[PDB]
Amino acid sequence: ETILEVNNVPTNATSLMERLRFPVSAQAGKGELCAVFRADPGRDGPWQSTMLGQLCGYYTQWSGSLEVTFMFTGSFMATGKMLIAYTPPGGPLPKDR
Amino acid sequence: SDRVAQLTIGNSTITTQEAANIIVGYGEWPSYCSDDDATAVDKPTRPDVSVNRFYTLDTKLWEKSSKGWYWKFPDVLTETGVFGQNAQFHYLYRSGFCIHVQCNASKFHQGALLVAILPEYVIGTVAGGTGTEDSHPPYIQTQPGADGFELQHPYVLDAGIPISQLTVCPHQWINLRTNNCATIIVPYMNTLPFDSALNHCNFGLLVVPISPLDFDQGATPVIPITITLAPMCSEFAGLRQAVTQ
Amino acid sequence: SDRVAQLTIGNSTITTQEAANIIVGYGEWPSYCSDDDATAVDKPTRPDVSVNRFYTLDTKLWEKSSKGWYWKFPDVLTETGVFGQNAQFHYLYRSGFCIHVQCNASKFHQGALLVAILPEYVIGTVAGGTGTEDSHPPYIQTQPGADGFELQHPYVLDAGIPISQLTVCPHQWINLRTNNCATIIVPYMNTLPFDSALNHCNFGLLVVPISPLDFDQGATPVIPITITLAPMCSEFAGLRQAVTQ
Amino acid sequence: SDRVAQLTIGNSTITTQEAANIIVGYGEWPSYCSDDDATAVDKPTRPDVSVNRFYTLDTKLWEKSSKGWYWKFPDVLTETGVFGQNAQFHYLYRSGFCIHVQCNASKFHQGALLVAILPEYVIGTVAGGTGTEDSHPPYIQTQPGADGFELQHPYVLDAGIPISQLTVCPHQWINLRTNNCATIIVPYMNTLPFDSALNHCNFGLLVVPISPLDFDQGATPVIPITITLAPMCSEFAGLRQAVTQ
Amino acid sequence: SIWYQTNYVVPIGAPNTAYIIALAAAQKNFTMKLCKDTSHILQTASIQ
Amino acid sequence: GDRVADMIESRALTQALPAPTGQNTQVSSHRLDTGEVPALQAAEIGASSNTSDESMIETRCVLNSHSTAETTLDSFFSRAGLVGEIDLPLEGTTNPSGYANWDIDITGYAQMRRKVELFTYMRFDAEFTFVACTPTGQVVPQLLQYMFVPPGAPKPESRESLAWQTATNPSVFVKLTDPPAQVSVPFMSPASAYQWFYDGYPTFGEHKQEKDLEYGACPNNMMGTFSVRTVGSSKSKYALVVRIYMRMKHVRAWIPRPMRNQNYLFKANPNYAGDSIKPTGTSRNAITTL
Amino acid sequence: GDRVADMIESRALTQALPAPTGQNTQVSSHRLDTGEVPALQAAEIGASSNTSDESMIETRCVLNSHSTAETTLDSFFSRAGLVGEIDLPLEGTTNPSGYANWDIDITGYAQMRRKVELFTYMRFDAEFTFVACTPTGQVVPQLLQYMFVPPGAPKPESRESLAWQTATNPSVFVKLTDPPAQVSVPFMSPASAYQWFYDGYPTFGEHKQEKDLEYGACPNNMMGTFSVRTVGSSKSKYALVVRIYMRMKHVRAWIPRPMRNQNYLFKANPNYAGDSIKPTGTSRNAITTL
Amino acid sequence: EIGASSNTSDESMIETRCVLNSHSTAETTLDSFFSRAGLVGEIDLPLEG
Ligand SMILES: *[C@@H]1O[C@H](CO)[C@@H](O[C@@H]2O[C@H](CO)[C@@H](O[C@@H]3O[C@H](CO[C@H]4O[C@H](CO[C@H]5O[C@H](CO)[C@@H](O)[C@H](O)[C@@H]5O[C@H]5O[C@H](CO)[C@@H](O)[C@H](O)[C@@H]5O)[C@@H](O)[C@H](O[C@H]5O[C@H](CO)[C@@H](O)[C@H](O)[C@@H]5O[C@H]5O[C@H](CO)[C@@H](O)[C@H](O)[C@@H]5O)[C@@H]4O)[C@@H](O)[C@H](O[C@H]4O[C@H](CO)[C@@H](O)[C@H](O)[C@@H]4O[C@H]4O[C@H](CO)[C@@H](O)[C@H](O)[C@@H]4O[C@H]4O[C@H](CO)[C@@H](O)[C@H](O)[C@@H]4O)[C@@H]3O)[C@H](O)[C@H]2NC(C)=O)[C@H](O)[C@H]1NC(C)=O
Ligand SMILES: *[C@@H]1O[C@H](CO)[C@@H](O[C@@H]2O[C@H](CO)[C@@H](O[C@@H]3O[C@H](CO[C@H]4O[C@H](CO[C@H]5O[C@H](CO)[C@@H](O)[C@H](O)[C@@H]5O[C@H]5O[C@H](CO)[C@@H](O)[C@H](O)[C@@H]5O)[C@@H](O)[C@H](O[C@H]5O[C@H](CO)[C@@H](O)[C@H](O)[C@@H]5O[C@H]5O[C@H](CO)[C@@H](O)[C@H](O)[C@@H]5O)[C@@H]4O)[C@@H](O)[C@H](O[C@H]4O[C@H](CO)[C@@H](O)[C@H](O)[C@@H]4O[C@H]4O[C@H](CO)[C@@H](O)[C@H](O)[C@@H]4O[C@H]4O[C@H](CO)[C@@H](O)[C@H](O)[C@@H]4O)[C@@H]3O)[C@H](O)[C@H]2NC(C)=O)[C@H](O)[C@H]1NC(C)=O
Ligand SMILES: *[C@@H]1O[C@H](CO)[C@@H](O[C@@H]2O[C@H](CO)[C@@H](O[C@@H]3O[C@H](CO[C@H]4O[C@H](CO[C@H]5O[C@H](CO)[C@@H](O)[C@H](O)[C@@H]5O[C@H]5O[C@H](CO)[C@@H](O)[C@H](O)[C@@H]5O)[C@@H](O)[C@H](O[C@H]5O[C@H](CO)[C@@H](O)[C@H](O)[C@@H]5O[C@H]5O[C@H](CO)[C@@H](O)[C@H](O)[C@@H]5O)[C@@H]4O)[C@@H](O)[C@H](O[C@H]4O[C@H](CO)[C@@H](O)[C@H](O)[C@@H]4O[C@H]4O[C@H](CO)[C@@H](O)[C@H](O)[C@@H]4O[C@H]4O[C@H](CO)[C@@H](O)[C@H](O)[C@@H]4O)[C@@H]3O)[C@H](O)[C@H]2NC(C)=O)[C@H](O)[C@H]1NC(C)=O
Ligand SMILES: CCO/N=C/c1ccc(OCC[C@@H](C)CCN2CCN(c3ccnc(N)c3)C2=O)cc1
Ligand SMILES: CCO/N=C/c1ccc(OCC[C@@H](C)CCN2CCN(c3ccnc(N)c3)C2=O)cc1
């Protein structure tokens with residue numbers, strides 16, 4: 001396991017460490033979207049930082065299931081429940097939870 | 001070994017690490033209809049993966065002055081997914097349910113809920129206030145769907161039965177100092193072995209805060225309640241065109 | 001013992017008493033995907049009754065000057081019934097088909113049809129007439145759905161291949177002096193064991209009158225052609241929300 | 001049974017009661033050089049108590065805007081104790097290390113670190129900014145000693161390699177909601193079985209906050225990071241007078 | 001896609017913004033084949 | 001005919017133990033023991049607590065011979081309660097011509113209704129008894145015919161109708177000098193249990209405000225019409241009442257539910273008074289007193 | 001854990017017989033027999049007729065030793081046919097700087113394309129051969145580098161590019177004085193067969209007129225790019241052509257289909273000329289003559 | 001935070017089918033990843049310069 005950069009938004013050199021982790025915060029509502037990313041290690045995006053996604057850069061075609069692990073780095077007394085949903089191909093970017 | 005659990009069925013799993021325990025309603029698991037009980041003579045369909053999923057439905061915000069909510073099952077899932085497509089094509093229906101309601105809070109918030117089942121939860125009205133006009137409840141109070149509906153008089157559960165002895169029916173509590181979720185496994189309870197999924201709603205999920213929410217100002221004031229449910233051992237029969245209601 | 005048949009699968013049966021014979025495409029029945037072939041690692045759904053039905057789709061009138069029609073399978077059934085609901089929820093798909101086309105006439109009418117299958121029936125255009133502009137066919141000529149589509153140049157089948165050797169692919173004839181129906185059982189033919197049901201159309205059902213209809217004036221001038229098809233041994237995988245196209 | 005530990009070697013022990021787990025680098029313990037591998041023909045010295053101690057070295061304060069630090073081993077201990085006296089007298093050297101880094105915080109602080117090893121951690125420069133002047137790093141950036149050195153560009157680890165895949169090398173995390181320490185047992189990794197302790201630095205201990213420290217104002221703003229290390233199975237050879245560099 | 005299911009609740013005194021680090025790898029049925037050269041070329045001029 | 005391993009692989013937790021008497025109390029002593037605690041339960045599990053007497057207080061050997069036979073369902077329900085009253089007055093508005101059609105709904109009186117609404121599904125045989133008399137109470141030499149009209153049979157529309165020929169319906173001819181006519185009635189419902197509560201609609205379609213009268217009306221519970229006339233072509237010279245008492249036997253009841261605390265207002269719906277929601281018990285001025 | 005009998009109860013017709021030679025003709029005689037008729041078939045069954053020689057005419061014993069080995073798929077396809085031509089001219093428009101990217105689509109020439117379009121799905125190994133020369137035909141002392149760019153590898157954009165370092169791609173350095181470079185290529189597709197026909201779209205979404213260019217384009221068939229440059233920093237002083245011949249070996253072909261009769265017009269689509277639909281054969285003036 | 005890659009499999013997260021995986025792992029060995037001749041040096045011998 002190897003740090004997938006879901007937050008691949010900031011680009012300047014003084015904030016490149018911002019890419020490794022994406023924020024959660026106390027939402028005032030019902031089922032908001034936290035982050036979304038492509039689930040394929042070949043496409044240019046989040047998966048180019050992981051070694052799964054850069055040893056797959058040397059091989060034309062891959063197979064097999066693959067895992068993504070999310071480590072919550074908040075405080076001890078901060079709780080919540082997140083829904084991490086993998087949508088299979090064809091189904092577009094979902095509009096609500 | 002009891003606080004931490006995982007419920008995987010279908011392609012959807014939910015993890016919980018501050019659970020209470022799983023209670024099985026009336027001591028038995030949901031099961032298929034035996035040939036001692038079945039009367040329909042056509043072979044049922046049993047999708048077995050595509051409808052036995054944890055469907056996360058809605059999110060009710062729980063503030064300090066809430067009354068309570070209820071969801072009529074299975075009419076929360078006759079608009080959703082492959083369950084909502086098989087229940088609209090097929091006349092007959094039977095299933096159990098694994099009902100999981102999440103409500104997390106910090107270790108400074110307080111308050112308790114009574115998430116309880118009860119079969120054949122029929123809804124009365126206020127009878128015109130003084131009690132002399134035979135008013136029947138509307139279709140949306142009867143069957144609110146996946147949106148849920150808020151109780152008007154939760155002491156009598158809108159049916160003239162007290163909530164103080166709702167604890168007879170299958171239930172468990174969500175008090176925010178101990179647990180954050182409540183799994184209730186419910187079999188198929190009905191007289192006749194299959195029934196229609198659009199007319200008859202077998203039971204209602206009462207979720208009522210009995211001890212109210214309380215927190216000092218500065219903490220997070222938005223404490224949601226989301227219910228997820230999974231039809232277990234579901235099977236349908238009597239195929240025809242799509243009815244919606 | 002060959003002229004009379006009955007094909008019951010699902011809850012729907014069709015009787016025929018002037019059939020020819022059932023041909024099984026490429027000599028083998030449709031079957032489930034073995035674990036030597038499957039690559040998807042989620043458990044497939046197999047509805048087994050609710051989608052293995054004879055769906056009667058449309059009715060093409062056949063007059064004396066017709067050209068021929070074609071239906072792309074399985075895109076004739078991604079708008080119909082519980083097959084059209086399971087194929088829109090699930091990404092993967094495989095099935096066989098039992099294809100039964102009826103065309104009755106009196107004992108004074110004449111004429112013959114070539115109802116034939118062919119896998120991967122790709123559609124070309126007239127290339128701008130003279131043959132220099134790379135025109136691609138539109139989406140409705142590509143995948144007409146349950147409405148079917150009429151061939152423009154049936155001698156070349158709109159693909160540059162002659163109809164005179166379409167008889168290689170699984171086929172049988174409906175000549176109105178002998179039979180009135182044509183059952184063609186087709187397995188699942190594709191390279192990869194499951195595929196998408198919305199993009200890839202495995203085969204096309206060419207129904208072309210080769211010997212034209214003829215009847216003296218006074219007989220019934222409306223001679224319909226209705227095709228009924230039944231997905232056999234169908235199974236789906238990869239559940240997500242509904243796509244329509 | 002995993003959160004609480006105790007690491008006693010030599011005359012010095014450390015207790016921890018909110019540990020994660022001990023990882024052994026590349027799956028094997030540090031061991032003595034077998035006679036299949038050794039090439040030096042003089043008998044090595046093996047002090048076995050006086051140098052296998054947890055040496056507590058330094059204390060880096062971790063504020064909300066830190067970058068990350070690194071310590072080149074074994075040049076953190078060639079100025080300290082009987083290890084620093086035996087490594088300056090003897091030309092050859094081999095040892096493993098038990099590396100324990102403490103960082104405690106309250107149950108309201110947050111933030112995560114990636115304390116990771118990597119062998120042969122060579123240091124590049126910024127190449128004169130635009131990248132055209134072959135600048136070599138100074139001796140203090142190369143081998144900072146027990147004082148440590150702060151990373152300039154931790155996204156590329158001052159070597160043109162990304163920190164996002166530093167997690168390949170032996171590592172573990174210190175996130176302040178779960179653990180407060182991180183034991184990493186490292187064997188002796190080098191090609192040749194002994195080497196010089198003053199020139200060659202086998203690996204570097206990268207300690208980088210990835211998720212930054214955060215706490216509301218009122219809590220303790222001084223959150224130190226102290227690393228303690230213990231040379232395990234150390235042995236020296238080739239006795240001569242004291243060199244210091 | 002990652003969705004809030006209930007909320008992120010804190011007491012008073014805890015930071016109301018926390019960070020999730022996403023780690024990723026493959027399972028034990030992961031195979032690759034048909035080796036090729038990678039898409040990025042890590043060189044612009046003559047490497048001196 | 002398959003090679004797949006998915007298809008070829010494709011139950012109650014509780015045991016009813018016999019318990020004729022309440023259980024005995026074995027001798028316990030003190031205990032000064034850490035680790036195990038029988039008092040501290042977790043009520044958020046949703047289980048009733050399994051803490052006994054012996055692990056809370058030093059108890060003696062009590063051989064409990066108190067029988068639990070009075071509390072079975074066949075001893076709690078087999079009491080004839082008033083479920084119907086039929087008036088046959090001389091002159092009036094309500095049935096002035098000596099016949100009355102009372103459709104069998106036993107939820108019209110609140111003592112029998114209160115007990116049988118404790119359970120959701122009940123399956124039982126019943127023996128009905130028809131105690132009939134003049135409104136002043138006295139018995140008069142008058143002949144009556146009771147008949148049971150199932151769903152679909154012709155309802156009699158008058159005293160001198162044709163449906164009173166009872167060619168296939170069961171009918172009882174008793175005069176009022178006789179003892180009360182008592183007949184036993186089987187379990188007649190199409191479903192496997194009379195459900196006292198049907199959260200749903202009987203018919204399909206859109207459900208507007210005009211046809212919310214069907215809500216809670218299950219056809220498996222409405223089992224017909226009970227008709228009674230004074231036997232004769234002329235009008236009888238006695239005003240009559242017919243009280244109907246039924247006791248239940250061979251009872252099986254499923255799925256308990258909370259017992260009603262608000263007053264009943266109508267039949268076949270749980271409608272309650274809205275401004276007059278009264279508490280389920282009595283009340284006191286302060287909590288720290290009695 | 002079931003009591004139902006529905007779940008607990010919940011294959012090719014043809015056998016491949018070995019046939020090295022065509023079958024013999026046994027001796028038949030005349031037959032004057034009613035009831036059975038071998039001539040009158042039913043062609044509306046859709047079966048080819050199983051009428052033999054012997055039951056139509058008096059035949060002799062012919063021991064047929066004519067082998068059927070020339071007609072196998074490994075003898076019909078293992079002939080190197082021209083599937084690609086690459087031009088590297090000195091000055092011009094088409095590749096003026098001495099490199100050419102030819103993406104591997106072997107449907108560009110109509111003799112190899114006509115044979116392999118008889119079958120729908122084909123699975124084969126191939127050995128490509130690269131016969132290179134000056135456009136006048138003569139061989140010149142010039143060094144070439146061929147390299148194979150899989151889908152995802154960087155396409156070389158110039159002659160003196162960085163992608164020609166071939167750190168992981170396979171590459172062939174042959175000069176034109178040598179014999180033609182011949183390398184064998186495995187079955188590389190992700191699917192189990194190269195399908196010559198893909199009735200469908202590769203991507204989801206709405207399918208408008210602007211993106212009908214994807215119709216018939218399957219990603220399981222497009223297997224990359226074949227790139228060739230003249231090895232050097234300067235420009236080479238010879239115009240070049242590179243003809244690519246491939247023969248197929250270890251061939252398995254599925255699902256025959258009718259063979260093309262209209263002229264090919266484009267690659268990777270069956271588009272044909274609309275006004276110029278020619279008949280598939282020759283023609284004659286009348287049917288009763290020759 | 002243990003620093004171990006997670007040993008969670010497919011079967012304990014989703015209902016799976018029996019898949020006999022015959023996908024070979026021979027292309028990913030070190031002798032198949034490195035045994036490709038790559039350009040490591042260039043030597044110029046010009047006429048005048
Ligand atoms: C013409 O004329 C006419 C006549 O006038 C007009 O009309 C108008 O209109 C308007 C508009 O709409 C209005 O106004 C509005 O109002 C509203 C309402 O209010 C009301 O209500 C409320 C409610 O309550 C509730 O809740 C609470 C809590 O919160 C609790 O406590 C309670 O109990 C309740 O509960 C209930 O309900 C619920 C619901 O959900 C349920 O669930 C439960 O169960 C229960 O039952 C109330 O409270 C109020 O009250 C008031 O008053 C009294 C007297 O008696 C007092 O005592 C109190 O205290 C209050 O007061 C206060 O408050 C208010 C507010 O509320 C203010 O205003 C004042 O001043 C004071 O302060 C009432 O009754 C509201 O809501 C609104 O407000 C809003 O807006 C404004 C402006 O606009 C602003 O300023 C504010 O702030 C607000 O905002 C907010 O909200 C929004 C929306 O929602 C949002 O989105 C936002 O974001 C915000 O939020 C924020 O903030 C907050 C603070 O506040 C916080 O918390 C949060 O977190 C965030 O941050 C408005 O105002 C009016 O009303 C009318 N009128 C009358 C008379 O009313 C017309 O318009 C004309 N026309 C023209 C054209 O113009
Ligand atoms: C302005 O201006 C403009 C200009 O003019 C105008 O426009 C116009 O419009 C109109 C209206 O629309 C029109 O009219 C119309 O027309 C129509 C059409 O016609 C056409 O077409 C046809 C077709 O054919 C087809 O079919 C056949 C059979 O049937 C065949 O044979 C053929 O071949 C063809 O086929 C094709 O197609 C198909 C389709 O489906 C396909 O499938 C296939 O594949 C193929 O491809 C044709 O035929 C015609 O022709 C004609 O002409 C010629 C010349 O060249 C001649 O030769 C012929 O013979 C013919 O003639 C005849 O006929 C007609 C009819 O057709 C008449 O009319 C005359 O006269 C003669 O007789 C053409 O081309 C039509 O259809 C129509 O008709 C109708 O109507 C009327 C009145 O309206 C009547 O009278 C009639 O009778 C009819 O009726 C019918 O129909 C309906 C509908 O459909 C129906 O419903 C009914 O029921 C009826 O039926 C009945 O009867 C019949 C008899 O007939 C019988 O059979 C049955 O059975 C039944 O019983 C109309 O007419 C026009 O056209 C236009 N124009 C022009 C020039 O064109 C506008 O309009 C204006 N504006 C304003 C505002 O006004
Ligand atoms: C001639 O002329 C010239 C010219 O002017 C001059 O020069 C001068 O000098 C002087 C002397 O030195 C000086 O002054 C000084 O300054 C200093 C510095 O400042 C600066 O810096 C800073 C830093 O920062 C950091 O940190 C933080 C935290 O803290 C953070 O946040 C940041 O980010 C940073 O970080 C970084 O760094 C670090 C280091 O460590 C690292 O690690 C990391 O990584 C990073 O990188 C800064 O901040 C500042 O800033 C400022 O400014 C700006 C503008 O832009 C603003 O915005 C800001 O805000 C600021 O401001 C504020 O602050 C300041 C302080 O800082 C003030 O002052 C102002 O006013 C304001 O308020 C800068 O930049 C300093 O430090 C110092 O201070 C000190 O001192 C004083 C007197 O002296 C006092 O008052 C104060 O308070 C202080 O004290 C403290 O400290 C000490 C030492 O350290 C100690 O010991 C003590 O104890 C104390 O502590 C305490 O308190 C605190 C509070 O504060 C607390 O917290 C604690 O806890 C405790 O309790 C001084 O000021 C100057 O600067 C110069 N100039 C100029 C212009 O600069 C000369 O001198 C002449 N000559 C003669 C002879 O005279
Ligand atoms: C000479 C012939 O003498 N014949 C006598 C005679 C006596 C009785 C009789 O049938 C007795 C039927 C009762 C046993 C059960 C009545 N039940 C079932 C549940 N139910 C409900 C359920 C839900 N909502 C409402 N409102 C009502 C209800 O009222 C037929 C014939
Ligand atoms: C130094 C390195 O030397 N390398 C040589 C070299 C040679 C060949 C090579 O790959 C050969 C690929 C061919 C065997 C199959 C081509 N195929 C498959 C089906 N297809 C289709 C299918 C449907 N529509 C269209 N238009 C085309 C098609 O064109 C790779 C590398």
# chains A, B, ... in the order shown; residues from 1 in each chain; ligands from 1

$ residues_around --residues "residue B:27" --least-positions-apart "5" --cutoff "10 Å" --atoms "only C-alpha atoms" --output "list in words"
residues 170, 185, 186 and 187 of chain B; 11, 12, 13, 14 and 15 of chain F

$ interface_residues --of "chain A" --to "chain G" --cutoff "12 Å" --atoms "only C-alpha atoms" --output "PyMOL selection string"
chain A and resi 42-44+56-63+89-93

$ write_last_selection --atoms "N, CA and C atoms" --output "PDB file, in the first residue's frame"
ATOM      1  N   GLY A  42      -4.136   3.001 -14.914  1.00  0.00           N
ATOM      2  CA  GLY A  42      -3.440   3.454 -16.094  1.00  0.00           C
ATOM      3  C   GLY A  42      -3.683   4.886 -16.467  1.00  0.00           C
ATOM      4  N   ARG A  43      -4.856   5.418 -16.158  1.00  0.00           N
ATOM      5  CA  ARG A  43      -5.233   6.744 -16.606  1.00  0.00           C
ATOM      6  C   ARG A  43      -4.464   7.788 -15.816  1.00  0.00           C
ATOM      7  N   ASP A  44      -4.105   8.871 -16.498  1.00  0.00           N
ATOM      8  CA  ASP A  44      -3.439   9.998 -15.872  1.00  0.00           C
ATOM      9  C   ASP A  44      -4.334  10.626 -14.819  1.00  0.00           C
ATOM     10  N   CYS A  56       2.563  -0.361 -13.322  1.00  0.00           N
ATOM     11  CA  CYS A  56       1.610  -0.650 -14.375  1.00  0.00           C
ATOM     12  C   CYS A  56       1.851   0.238 -15.580  1.00  0.00           C
ATOM     13  N   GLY A  57       2.635   1.303 -15.431  1.00  0.00           N
ATOM     14  CA  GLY A  57       3.038   2.087 -16.579  1.00  0.00           C
ATOM     15  C   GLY A  57       3.988   1.370 -17.509  1.00  0.00           C
ATOM     16  N   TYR A  58       4.632   0.305 -17.045  1.00  0.00           N
ATOM     17  CA  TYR A  58       5.501  -0.500 -17.887  1.00  0.00           C
ATOM     18  C   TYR A  58       4.796  -1.679 -18.530  1.00  0.00           C
ATOM     19  N   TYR A  59       3.543  -1.943 -18.193  1.00  0.00           N
ATOM     20  CA  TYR A  59       2.849  -3.106 -18.721  1.00  0.00           C
ATOM     21  C   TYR A  59       1.581  -2.666 -19.428  1.00  0.00           C
ATOM     22  N   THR A  60       1.344  -3.228 -20.612  1.00  0.00           N
ATOM     23  CA  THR A  60       0.292  -2.736 -21.491  1.00  0.00           C
ATOM     24  C   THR A  60      -1.087  -3.023 -20.926  1.00  0.00           C
ATOM     25  N   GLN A  61      -1.257  -4.166 -20.285  1.00  0.00           N
ATOM     26  CA  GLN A  61      -2.577  -4.574 -19.856  1.00  0.00           C
ATOM     27  C   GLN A  61      -2.487  -5.330 -18.546  1.00  0.00           C
ATOM     28  N   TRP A  62      -3.401  -5.017 -17.637  1.00  0.00           N
ATOM     29  CA  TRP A  62      -3.400  -5.542 -16.284  1.00  0.00           C
ATOM     30  C   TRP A  62      -4.716  -6.255 -16.010  1.00  0.00           C
ATOM     31  N   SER A  63      -4.753  -7.036 -14.936  1.00  0.00           N
ATOM     32  CA  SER A  63      -6.012  -7.615 -14.499  1.00  0.00           C
ATOM     33  C   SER A  63      -5.971  -7.832 -13.004  1.00  0.00           C
ATOM     34  N   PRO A  89     -18.198   0.343 -14.505  1.00  0.00           N
ATOM     35  CA  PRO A  89     -18.175   1.177 -15.715  1.00  0.00           C
ATOM     36  C   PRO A  89     -19.531   1.324 -16.374  1.00  0.00           C
ATOM     37  N   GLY A  90     -19.637   2.360 -17.168  1.00  0.00           N
ATOM     38  CA  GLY A  90     -20.898   2.699 -17.798  1.00  0.00           C
ATOM     39  C   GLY A  90     -21.701   3.674 -16.989  1.00  0.00           C
ATOM     40  N   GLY A  91     -21.866   3.393 -15.702  1.00  0.00           N
ATOM     41  CA  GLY A  91     -22.559   4.288 -14.813  1.00  0.00           C
ATOM     42  C   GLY A  91     -21.761   5.551 -14.603  1.00  0.00           C
ATOM     43  N   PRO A  92     -22.369   6.701 -14.890  1.00  0.00           N
ATOM     44  CA  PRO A  92     -21.624   7.960 -14.852  1.00  0.00           C
ATOM     45  C   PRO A  92     -21.353   8.436 -13.439  1.00  0.00           C
ATOM     46  N   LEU A  93     -20.786   9.627 -13.317  1.00  0.00           N
ATOM     47  CA  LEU A  93     -20.537  10.243 -12.023  1.00  0.00           C
ATOM     48  C   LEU A  93     -21.851  10.466 -11.285  1.00  0.00           C
TER      49      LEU A  93
END

$ interface_residues --of "chain B" --to "chain G" --cutoff "12 Å" --atoms "only C-alpha atoms" --output "PyMOL selection string"
chain B and resi 29-38+41-46+233

$ interface_residues --of "chain A" --to "chain B" --cutoff "12 Å" --atoms "only C-alpha atoms" --output "PyMOL selection string"
chain A and resi 25-32+75-88+96-97

$ write_last_selection --atoms "C-alpha atoms" --output "compact mmCIF listing (two decimals), in the first residue's frame"
# COMPACT_ATOMS: atom_id res chain seq x y z
CA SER A 25 -15.13 18.69 7.80
CA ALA A 26 -18.34 19.14 9.74
CA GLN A 27 -20.99 19.48 7.04
CA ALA A 28 -24.29 21.17 7.82
CA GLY A 29 -26.45 18.80 5.84
CA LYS A 30 -27.29 15.47 4.25
CA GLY A 31 -24.91 13.31 2.23
CA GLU A 32 -22.37 15.61 0.61
CA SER A 75 -8.45 13.56 16.43
CA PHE A 76 -9.54 10.82 18.80
CA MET A 77 -12.90 12.26 19.81
CA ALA A 78 -14.05 13.15 16.28
CA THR A 79 -16.40 10.55 14.81
CA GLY A 80 -18.38 10.09 11.63
CA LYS A 81 -19.44 7.64 8.97
CA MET A 82 -18.35 7.80 5.34
CA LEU A 83 -19.75 5.92 2.36
CA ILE A 84 -17.07 4.82 -0.10
CA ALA A 85 -18.80 3.66 -3.27
CA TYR A 86 -17.24 2.02 -6.32
CA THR A 87 -19.38 2.51 -9.36
CA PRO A 88 -18.77 -0.05 -12.13
CA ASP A 96 -26.43 12.21 -5.09
CA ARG A 97 -25.66 9.65 -2.41

$ select_by_dssp --residues "stretch 59-170 of chain B" --states "strand (DSSP E)" --output "ChimeraX atom specification"
/B:59-61,69-73,90-102,110-119,149-150

$ closest_residue --among "E:35, E:47, E:14, E:23" --to "chain D" --atoms "only C-alpha atoms"
E:14

$ closest_atom_pairs --of "chain C" --to "ligand 2" --cutoff "7 Å" --atoms "only C-alpha atoms and all ligand atoms" --output "CSV"
residue,atom,partner,partner_atom_place_in_ligand_line,distance
C:63,CA,ligand 2,42 (O),6.9
C:65,CA,ligand 2,44 (O),5.1
C:66,CA,ligand 2,44 (O),4.2
C:67,CA,ligand 2,44 (O),6.0

$ closest_residue --among "D:19, D:40, D:230, D:201" --to "chain H" --atoms "only C-alpha atoms"
D:19

$ residues_near_ligand --ligand "ligand 4" --cutoff "9 Å" --atoms "only C-alpha atoms and all ligand atoms" --output "JSON, numbers by chain"
{"F": [103, 104, 105, 106, 107, 108, 122, 123, 124, 125, 126, 127, 128, 129, 130, 145, 146, 147, 148, 149, 150, 169, 170, 171, 172, 173, 181, 182, 183, 184, 185, 186, 187, 188, 189, 193, 194, 195, 196, 197, 198, 216, 217, 218, 219, 220, 221, 222, 223, 224, 225, 226, 227, 244, 246, 247, 248, 267, 268, 269]}
